[PDB]
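Sharing a structure here in structure tokens format.
Computed over heavy atoms, backbone and side chain alike; hydrogens, waters and symmetry mates excluded. Order of listing sets the numbers, starting from 1, for every ligand and every atom in it. In what follows, chains are A, B, ... by sequence order, proteins preceding strands, each numbered from 1.
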Amino acid sequence: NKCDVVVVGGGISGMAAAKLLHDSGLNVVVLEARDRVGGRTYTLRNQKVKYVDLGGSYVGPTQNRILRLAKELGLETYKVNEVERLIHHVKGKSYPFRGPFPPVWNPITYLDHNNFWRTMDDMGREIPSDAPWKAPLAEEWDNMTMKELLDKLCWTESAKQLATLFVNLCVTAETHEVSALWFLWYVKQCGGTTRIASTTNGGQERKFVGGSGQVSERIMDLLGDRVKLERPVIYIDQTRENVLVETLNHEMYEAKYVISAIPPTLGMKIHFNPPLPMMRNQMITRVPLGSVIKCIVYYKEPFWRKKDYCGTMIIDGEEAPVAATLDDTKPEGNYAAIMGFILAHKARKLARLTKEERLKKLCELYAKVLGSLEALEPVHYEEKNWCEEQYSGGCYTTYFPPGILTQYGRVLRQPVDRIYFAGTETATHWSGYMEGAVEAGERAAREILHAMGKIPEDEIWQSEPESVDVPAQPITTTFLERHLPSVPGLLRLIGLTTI
Amino acid sequence: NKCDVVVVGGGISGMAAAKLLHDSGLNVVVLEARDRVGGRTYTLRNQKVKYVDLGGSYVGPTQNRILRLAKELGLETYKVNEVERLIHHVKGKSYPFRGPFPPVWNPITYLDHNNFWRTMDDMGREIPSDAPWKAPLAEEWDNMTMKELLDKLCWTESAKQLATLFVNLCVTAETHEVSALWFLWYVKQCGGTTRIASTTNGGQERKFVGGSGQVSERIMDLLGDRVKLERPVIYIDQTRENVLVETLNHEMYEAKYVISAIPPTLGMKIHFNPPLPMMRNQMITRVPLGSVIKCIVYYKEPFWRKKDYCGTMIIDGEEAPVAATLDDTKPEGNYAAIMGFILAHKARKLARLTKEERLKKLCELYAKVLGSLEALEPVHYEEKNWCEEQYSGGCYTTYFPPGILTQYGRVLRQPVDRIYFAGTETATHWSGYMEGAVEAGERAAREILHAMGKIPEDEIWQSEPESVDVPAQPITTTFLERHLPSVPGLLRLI
Ligand SMILES: *Cc1cc2c(cc1C)nc1c(=O)[nH]c(=O)nc-1n2C[C@H](O)[C@H](O)[C@H](O)COP(=O)(O)OP(=O)(O)OC[C@H]1O[C@@H](n2cnc3c(N)ncnc32)[C@H](O)[C@@H]1O
Ligand SMILES: *Cc1cc2c(cc1C)nc1c(=O)[nH]c(=O)nc-1n2C[C@H](O)[C@H](O)[C@H](O)COP(=O)(O)OP(=O)(O)OC[C@H]1O[C@@H](n2cnc3c(N)ncnc32)[C@H](O)[C@@H]1O
Ligand SMILES: CN(C)c1ccc2nc3ccc(N(C)C)cc3[s+]c2c1
Ligand SMILES: CN(C)c1ccc2nc3ccc(N(C)C)cc3[s+]c2c1
């Protein structure tokens, strides 16, 4: 029954929020729908794999809150393998490259590629992180899909293909599905195209030793009986002095306040009294999550390394089940594995096959891309289709279709009487990620501390000291990168010289 | 506790399903979340208005199923007033017109307008009503918004503005929010642009005497105590011999089968065991409903008729709160009134205002458009904002954003084990309308009859004889309408 704050959801954001409230002397209860904590993070343990992340996994520089929280819980990170060459596979052929991104040799094509990334970052700087709908061209950009924007910016098919793969991999959705204003915000609030797309010095630099699921598990340990598993929340009543929160097994919880730390659309699974105000009522029907199957194929050895390939592949083409891979070998060098994502429409399409049929398609692809028959000899396989999760809705995160973020975006984290909103979707820095889950969790917790008269207003939002274990190198551009013309810019220069 | 079929939702679709099954001899319960039946239809009664439809209201030729069901319940229609001239309000002036659609005088603009309606119907001819994802160009049309399609097709701002208003009014959503495939299907499955937009001989021809809310009320009267009000469903368990359906007030129901007669996305409000299959699990987070406030301003007399205006107004522009109106005066000539809809982003914007502030804006608009100070003296006002409704999600109906219909469309009415799917959104003719609700409820009821062995497969989908009271005249086009070139076509001849 009675407590100070009920937290709905025991994923990273809920658990971080509960921890902060608990550490400040409040009595907190966490109501988790599933028979486990973690949510969109989930670490499988068995003897074949030892451990493996089937949900959220990567952390990197500038993600200072998740790093601090994990370190305080006694966790360590290790570096994803990027020693040897990356591979860009396009038009049925493989092109090895070192450095973060595939080199472009054709000068016209180079101009177009350079301009594209540059412009995304240029547009992004127009977009406030904490209020994307305040960008000067918010409406114009929101009324357009990412597909339209690409068709306008990209004067070569090469640039358009690469841009498309970039969108698909960043947000597990198709370019025609998403708002351009939202996608531009999403990249900017992770610190730009380079930071989001990179391994070394970017979002994919590291994983946790033992798996990310430990974050939520270790917080559960600290809280003890306060976390209630298999308690899906079905009903919230705010008509009386204390908030009443009811679960599916008919248990009743009474609190002063509530944090909702679930994906915004899953708010639909809860019946509200009084009804939600109109903007929130409609917003939660407008905000789907992306589609992805995470797949890990195990080998006797990380044989790609011997061919001077790190295991990173960027794979273009409709026929490829997987569009990107990373080496998922353990830091000690054993349990050789390749991790790959089946994305957006391919997740839907390939879900119809058996596990054994998906494994076969992946190996045949890896064998072609790596030029290696050994890829046809897997020793084990694990996968998770997040699209089938009643209590997630999809992965990685929530996307906004055209027109939604300007009309409804301002209510995402607006309180509803005594209900406050956490969950990575409400973050302002690495929203969509484990980092954003911690930011939103702790911010929602501090909103309540402020409402109770425990902290001043200026302390709701709190800046984070930079990790000393995972330093951020700045993102830099060369002079040519800054000032080279676009394709039409070059065409203008040509017409002008015709005098 | 125990019965043959649980129907979730007591709107028209659920009521029609429950009535059909009950007439077959089966034991039915209807579980309804609200303290009332009707859902997206709702008839308010008070002395000032007598009665008024604050939700779904209009019916017209080709809507044979809603007309038959209502006739059986003892209801009658009357004709929406369209005797006098319609008004098109453009760049701050009123251009009265007779005939269904506002005339265009500039020759270039005329060609652009003409080509646009014609092209919409032409495209719809390649879209199958019962499987729009099977259109030959399905992916291409689904990957574009209606805003992109209008940008390609319309060489004039005039056409593009009127096409935009058309989209806004039909589906209470912005051109950039919706898939081109889905919107083209939507119009085609209502019989085309003329049929969907027309009062005389179209969807807006008629209203029910005493209100559409009576259809659901009278089926509830028929079903006695089988309708359970204030029973929102929260949990459905299919793991056992009988389906178990639990409600929020902790009641338990048990049945051989289930009909879901609620808006698809409102499926999210129910926890399932076992989990729903993947495609439905995601589909139901991908299908929002539109945004509308319905508003009725009452006057002492229908004063517009004296100026030879019927009350129908089409109003261009961002400044207007309402883009279209109809006469809402009762058949007797009393309770004089104008109905208007506040649509899409305007519903969102103007919801912040008070009721009285909305009344003022409407009255000043109508005064300008009708050219009468009499519009400034309302005797009464009623409105309903459907955006606030937890158990509707919006009005009129569900729209599909780009990419959704091709990827998820086929799952909408696919049965999940012992759950069958009703609700206007699953209909194949006038989906989105009261008519679609009856089509879908009855079909979902017959799917269950066939699963039970009581009827053969070829009886699941049943045709409907044409109403004698509301017969349909054919949709015609003139020779010039068919063969005049588009703007780029006239350019190619130059
Ligand atoms: C799925 C996924 C996510 C992901 C990714 C790859 C995949 C396949 N890769 C990532 C990565 O490499 N690095 C990273 O930082 N993030 C990555 N992501 C995203 C990341 O996993 C998520 O952003 C993060 O896990 C989300 O945390 P958050 O705490 O905000 O949200 P949640 O995990 O979904 O937890 C919500 C919990 O609430 C429970 N729930 C749902 N409904 C109810 C009700 N009605 N009542 C009670 N509890 C409820 C859920 O069960 C869940 O535990
Ligand atoms: C809102 C609206 C609708 C409308 C319109 C104008 C407005 C402002 N104009 C129309 C018109 O002029 N002509 C016409 O034919 N249609 C018009 N529309 C749309 C029309 O009203 C709808 O297509 C139709 O009413 C929909 O019927 P349907 O039976 O398919 O669906 P519903 O009315 O929403 O009924 C659903 C019921 O289910 C209940 N519910 C919801 N969730 C639950 C749960 N969890 N458990 C139990 N019951 C639930 C709802 O409360 C509702 O009663
Ligand atoms: C191998 N290469 C070049 C790349 C390039 C960009 C990438 N972007 C991501 C963005 C988010 C994410 N999550 C798991 C959230 C995973 C990845 S993996 C990834 C791999
Ligand atoms: C007055 N004129 C010319 C028009 C033209 C088209 C129209 N379209 C509608 C479409 C649906 C609808 N509903 C209430 C669902 C109402 C209307 S009102 C309407 C009025």
**OP:** Starting from atom 35 (O) of ligand 2, find the nearest protein heavy-atom neighbour and note its residue, name and distance.
**Re:**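 It is B:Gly11 CA, 3.4 Å.
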**OP:** Identify which of B:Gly56, B:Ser13, B:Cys395 has a heavy atom lying nearest to atom 17 (C) of ligand 2.
**Re:**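 Minimum heavy-atom distance to atom 17 (C) of ligand 2 goes to B:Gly56.
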Original post:
Which one of A:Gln204, A:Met339, A:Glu82 has a non-hydrogen atom at the shortest distance from atom 10 (C) of ligand 3?
Top reply: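 Checking each option, the heavy atom nearest atom 10 (C) of ligand 3 is found in A:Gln204.
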**OP:** Provide the closest heavy-atom pair for A:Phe341 versus A:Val292 in the form atom of the first, atom of the second, distance.
**Re:**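 Closest heavy-atom pair between A:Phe341 and A:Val292: CD2-CG2, 3.7 Å.
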Original post:
What protein heavy atom is closest to atom 48 (N) of ligand 2, reported as residue, atom name and distance in Å?
Top reply: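 The closest one turns out to be B:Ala33 N, 3.2 Å.
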Original post:
Is B:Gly38 in contact with ligand 2, taking contact as a heavy-atom separation below 4.0 Å?
Top reply: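 Contact check B:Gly38 vs ligand 2: positive.
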Subject >> Nearest-neighbour protein heavy atom for atom 31 (O) of ligand 2, which is reported as residue plus atom name and distance >> reply: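 For atom 31 (O) of ligand 2, the nearest protein heavy atom is B:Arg40 NH2, 3.3 Å.
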**OP:** Over all heavy atoms of both residues, which pair between B:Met15 and B:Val227 is shortest? Give the atoms and the distance, please.
**Re:**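 Nearest heavy atoms, B:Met15 then B:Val227: CE-CG2, 4.0 Å.
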Original post:
Under 3.5 Å, side chain of A:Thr285 to main-chain N/O of B:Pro288, donor-acceptor pair present?
Top reply: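 Side chain of A:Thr285 to backbone of B:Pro288: no pair is present.
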Original post:
Closest non-hydrogen protein atom to atom 42 (N) of ligand 2, residue and atom name please, with distance?
Top reply: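 Nearest protein contact, heavy atoms only, for atom 42 (N) of ligand 2 is B:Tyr391 CD2, 3.5 Å.
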Original post:
Under 4.0 Å between a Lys/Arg side-chain N and an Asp/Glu carboxylate O for B:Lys384 and B:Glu389?
Top reply: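 Judged by the 4.0 Å cut-off on N to carboxylate O distance, B:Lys384 and B:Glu389 do form a salt bridge.
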Original post:
Does any donor atom in the side chain of B:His88 or B:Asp316 lie under 3.5 Å from an acceptor atom in the other side chain?
Top reply: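 Judged by distance alone, the side chains do pair up.
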Subject >> side-chain hydrogen bond (donor to acceptor under 3.5 Å, both in side chains) between B:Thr77 and B:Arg206, intermediate numbers included >> reply: CA-CA 6 Å; B:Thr77 66; B:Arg206 277 151 190 280; 2.7 Å; yes
Original post:
Looking at the rings of A:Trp117 and A:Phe166, which for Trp means the six-membered one, are their centres under 6.0 Å apart?
Top reply: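 Between A:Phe166 and A:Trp117, which both carry aromatic rings, the centre distance is below 6.0 Å.
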Subject >> Test item, B:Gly432 contacting ligand 2 (heavy atom, 4.0 angstrom) >> reply: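 Flag set, B:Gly432 near ligand 2.
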Original post:
B:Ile314 heavy atoms, cut-off 4.0 Å: which ligand 4 atoms fall inside?
Top reply: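 Per the distance check, 3 (C).
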Subject >> Pairwise distance CD(A:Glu82) to CD(A:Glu205) - rounded to 0.5 angstrom >> reply: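 Those atoms lie 9.0 Å apart.
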Original post:
Touching ligand 2 at all, B:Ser57? Heavy atoms, strictly under 4.0 Å?
Top reply: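 It does, in that a heavy atom of B:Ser57 comes within the 4.0 Å cut-off of ligand 2.
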**OP:** Examine B:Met434 against ligand 2 and note whether any of their N/O atoms are separated by less than 3.5 Å.
**Re:**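 In this structure, B:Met434 places an N or O atom under 3.5 Å from an N or O of ligand 2.
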**OP:** Please verify whether a non-hydrogen atom of A:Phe101 lies at under 4.0 Å from ligand 3.
**Re:**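 Per 4.0 Å heavy-atom rule, A:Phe101 does not contact ligand 3.
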Original post:
Nearest to atom 30 (O) of ligand 2, what protein heavy atom do you find, and at what distance?
Top reply: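 Checking every protein heavy atom, the shortest distance to atom 30 (O) of ligand 2 gives B:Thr424 N, 2.7 Å.
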Original post:
Does ligand 3 have an atom under 4.0 Å from some heavy atom of A:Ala197?
Top reply: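 So A:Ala197 counts as touching ligand 3.
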**OP:** Decide, yes or no, whether a salt bridge links B:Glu32 with B:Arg231 under the criterion of side-chain N to carboxylate O below 4.0 Å.
**Re:**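 No, this pair does not count.
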Original post:
Which heavy atom of the protein is the closest neighbour of atom 39 (C) of ligand 2, given with residue, atom name and distance?
Top reply: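 Result: B:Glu32 OE1, 3.4 Å.
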Original post:
Does B:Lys269 have a heavy atom less than 4.0 Å from any atom of ligand 2?
Top reply: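 So B:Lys269 does not count as touching ligand 2.
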Original post:
Tell me, which protein residue and heavy-atom name are nearest atom 13 (N) of ligand 4, and how many Å apart are they?
Top reply: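 Of the protein heavy atoms, B:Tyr396 CZ, 4.0 Å lies nearest.
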Subject >> Test of proximity, A:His271 against ligand 2: N or O pairs below 3.5 Å >> reply: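 It does not: no N or O of A:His271 is found under 3.5 Å from an N or O of ligand 2.
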**OP:** Before accepting this row, confirm whether a basic side-chain N of the pair B:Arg40/B:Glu425 lies closer than 4.0 Å to the acidic partner's carboxylate O.
**Re:**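 A salt bridge links B:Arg40 with B:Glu425.
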Original post:
Would B:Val59 count as a contact of ligand 2 if the rule is a heavy atom under 4.0 Å away?
Top reply: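 No, that is not the case, since the closest heavy atom of the residue is not under 4.0 Å from the ligand.
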**OP:** Give a yes/no verdict on whether any heavy atom in B:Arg231 is under 4.0 Å from an atom of ligand 2.
**Re:**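 Yes.
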**OP:** Measure the CD1-CE distance between A:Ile66 and A:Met434 for me, rounded to the nearest 0.5 Å.
**Re:**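 So the gap between those two atoms works out to 5.5 Å.
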Original post:
To the nearest 0.5 Å, what is the distance between CG (B:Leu343) and CG (B:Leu169)?
Top reply: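 It comes to 5.5 Å.
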Original post:
For atom 13 (N) of ligand 2, what's the nearest protein heavy atom and its distance?
Top reply: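 That would be B:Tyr58 O, 2.9 Å.
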**OP:** For ligand 2, find out whether one of its N or O atoms is nearer than 3.5 Å to an N or O atom of B:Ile270.
**Re:**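 Between B:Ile270 and ligand 2 (N or O atoms, distance only) the closest approach is not under 3.5 Å.
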Subject >> Those atoms of ligand 2 less than 4.0 Å from some heavy atom in B:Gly423 >> reply: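 Answer for ligand 2: 30 (O).
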Original post:
Purely on distance, is any nitrogen or oxygen of B:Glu425 under 3.5 Å from one on ligand 2?
Top reply: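 No; the residue has no nitrogen or oxygen that sits under 3.5 Å from a nitrogen or oxygen of the ligand.
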Subject >> Short side-chain to backbone donor-acceptor contact, B:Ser216 and B:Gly213, under 3.5 Å >> reply: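 Side chain of B:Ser216 to backbone of B:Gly213, a donor-acceptor pair under 3.5 Å: no, none is there.
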Original post:
Passes side chain to side chain contact (heavy atoms under 4.5 Å, CB included), B:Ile259 versus B:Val6? Steps please.
Top reply: CA-CA 6 Å; B:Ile259 291 172; B:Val6 164; over 6 Å; no
Subject >> Close approach, A:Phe341 and ligand 3, non-hydrogen under 4.0 angstrom >> reply: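 Within the 4.0 Å threshold, so yes.
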Subject >> Among B:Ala261, B:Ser212, B:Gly9, B:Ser431, closest by any non-hydrogen atom to atom 36 (C) of ligand 2 >> reply: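 Closest candidate by heavy-atom distance is B:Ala261.
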**OP:** Would you check whether B:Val292 has a nitrogen or oxygen atom less than 3.5 angstrom from a nitrogen or oxygen atom of ligand 2?
**Re:**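 In this structure, B:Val292 places no N or O atom under 3.5 Å from an N or O of ligand 2.
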Original post:
Just which atoms of ligand 3 are under 4.0 Å from any heavy atom in A:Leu326?
Top reply: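 So the answer, numbered in order with elements, is 1 (C).
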Original post:
Given A:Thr397, A:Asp327, A:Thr312, A:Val171, which one has a non-hydrogen atom that is nearest to atom 2 (N) of ligand 3?
Top reply: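 Among A:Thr397, A:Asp327, A:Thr312, A:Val171, the closest heavy atom to atom 2 (N) of ligand 3 belongs to A:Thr312.
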Original post:
What's the verdict on side chain to side chain contact (heavy atoms under 4.5 Å, CB included) for B:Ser291 and B:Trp386, showing C-alpha distance, side-chain angles and the deciding distance?
Top reply: CA-CA 7 Å; B:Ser291 293; B:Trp386 287 87; over 6 Å; no
Subject >> Closest candidate by heavy atom, reference atom 43 (C) of ligand 2, pool B:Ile262, B:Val215, B:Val7 >> reply: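 Nearest heavy atom to atom 43 (C) of ligand 2 lies in B:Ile262.
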Subject >> Option with minimal heavy-atom separation from atom 4 (C) of ligand 3, where the choices are A:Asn168, A:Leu169, A:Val292, A:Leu165 >> reply: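 Of the listed residues, A:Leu169 has the closest heavy atom.
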Subject >> Verdict with reasoning, B:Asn64 to B:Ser467, per side-chain hydrogen bond (donor to acceptor under 3.5 Å, both in side chains) >> reply: CA-CA 6 Å; B:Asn64 294 320; B:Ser467 160; 4.9 Å; no
Subject >> Pair B:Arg68 + B:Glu442, salt bridge at N-O below 4.0 Å >> reply: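 Judged by the 4.0 Å cut-off on N to carboxylate O distance, B:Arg68 and B:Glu442 do form a salt bridge.
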**OP:** Give yes or no for whether the N/O distance cutoff of 3.5 Å, strictly under, is met between B:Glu435 and ligand 2.
**Re:**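 For ligand 2, there is no N or O atom that lies under 3.5 Å from one belonging to B:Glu435.
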**OP:** To the nearest 0.5 Å, tell me how far B:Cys395 SG sits from B:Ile293 CD1.
**Re:**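 Between B:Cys395 SG and B:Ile293 CD1, I get 12.0 Å after rounding to 0.5 Å.
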Original post:
Is it the side chain, the backbone, both or neither of B:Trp386 that has a heavy atom closer than 4.0 Å to ligand 2?
Top reply: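 B:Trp386 to ligand 2: side-chain contact only, backbone stays beyond 4.0 Å.
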Original post:
For atom 44 (C) of ligand 2, what's the nearest protein heavy atom and its distance?
Top reply: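 Ranking protein heavy atoms by distance from atom 44 (C) of ligand 2, first comes B:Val233 N, 3.7 Å.
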Original post:
Does B:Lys207 count as lying over the ring of B:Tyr58, i.e. NZ or CZ under 6.0 Å from the six-ring centre, within 45 degrees of the axis?
Top reply: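 Geometry flag: set, cation within 6.0 Å and 45°.
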Original post:
Would you call the rings of A:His271 and B:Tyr391 parallel, tilted or perpendicular if under 30° counts as parallel and over 60° as perpendicular?
Top reply: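 It falls in the tilted class, 30° to 60°.
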**OP:** Could you establish whether A:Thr325 and ligand 3 come within less than 4.0 Å of each other, counting only heavy atoms on the residue side?
**Re:**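 Within the 4.0 Å threshold, so yes.
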Original post:
Out of curiosity, is B:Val8 lining ligand 2, as in a heavy atom under 4.0 Å away?
Top reply: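 Contact present.
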